[PDB]
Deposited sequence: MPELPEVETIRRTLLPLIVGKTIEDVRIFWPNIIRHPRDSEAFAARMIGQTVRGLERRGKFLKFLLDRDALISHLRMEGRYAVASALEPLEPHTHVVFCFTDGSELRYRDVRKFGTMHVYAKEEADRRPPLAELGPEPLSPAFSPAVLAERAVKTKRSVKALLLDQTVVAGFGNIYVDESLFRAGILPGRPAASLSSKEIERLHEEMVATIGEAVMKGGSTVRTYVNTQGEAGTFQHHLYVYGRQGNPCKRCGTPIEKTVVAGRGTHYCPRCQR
């Protein structure tokens, strides 16, 4: 789950929960709760509060209640669904919010990597994990200049730079690989080796790629999966030149690229 997928969840989930009041909060895997550390305090404070809105910051979902804000990160497999509280739960359900109208919001996560933090609204943006996030890619706050200031000071791979949420917030393995192919830049090259022209081109493709993915409802692996040039296509012909797509390891992640179209 990257920005496009999280933004899709935010849009579809909002009307299904806005205006409902919390009656109970049940937790089956405590490690997911990060703040307050004590699961009992986490549950108690939300009882009686009403859902007023749902926003997104980077790859995080921000549930807006009365006094508090619930900050949730899905990591690799987290997912949400709304259903009747009278039916048996599905496998791997670790947290459930029960509403006064008999419906409930369920959180499932097979690998158990997800996290949840609760803070008073006016403290959320000034505390971890939101405090140190970079700017939103689809906002004027993200420009070629911002990307250069960070790139010109480090020799780490350009892919490692784009995956750093403090540089820009929202890109993950799929959209970093896709943006670099569109820009014609190899993922393993030093960020400082990029020319001014290459930085402007990369910025342009990053905004175009992420924006297009949001419109298509994200990648299901949504319909953006039908528009991928390299992710998951190792061994198949490049859609632009016909050369076989390759896969290696960069910045500790599986990496896909075309040896002819990219640097």
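- Gaps between the deposited sequence and the modelled structure occur at positions 1, 223-232.
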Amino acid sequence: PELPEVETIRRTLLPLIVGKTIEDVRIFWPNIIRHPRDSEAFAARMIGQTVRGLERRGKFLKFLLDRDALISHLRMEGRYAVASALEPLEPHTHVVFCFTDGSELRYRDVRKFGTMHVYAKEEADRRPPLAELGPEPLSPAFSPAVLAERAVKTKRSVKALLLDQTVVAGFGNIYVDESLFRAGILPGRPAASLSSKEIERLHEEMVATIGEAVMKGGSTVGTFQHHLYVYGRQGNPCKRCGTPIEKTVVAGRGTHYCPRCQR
From here on, numbers count along this sequence of modelled residues.
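- Modelling of residue 58 is complete across the other compared entries in which both of its neighbours are modelled; not even a third of them leave it out.
- In the other compared entries of this protein that model both flanking residues, residue 234 has coordinates in every one, well short of a third left out.
- For the pair 207-215 and 228-236, the mean B factor over Cα atoms is greater in 207-215.
- The mean C-alpha temperature factor is higher for 126-134 when 126-134 and 167-175 are set side by side.
- Listed residues 201, 52, 57, 26 were ranked by CA B-factor as deposited; 201 comes out on top.
- Per the deposited coordinates, the residue with the largest Cα temperature factor out of 22, 14, 251, 245 is 251.
- Residue 159: CA B factor lies in the middle third for its chain, per the PDB record.
- Among the modelled residues of the chain, residue 186 sits in the middle third by CA temperature factor in this PDB entry.
- Among the modelled residues of its chain, residue 143 has a C-alpha B-factor that falls in the highest third according to the deposited record.
- Compared with the other modelled residues of the chain, the Cα B-factor recorded for residue 104 ranks in the lowest third.
- Among the modelled residues of its chain, residue 67 has a C-alpha B-factor that falls in the middle third, as given in the PDB entry.
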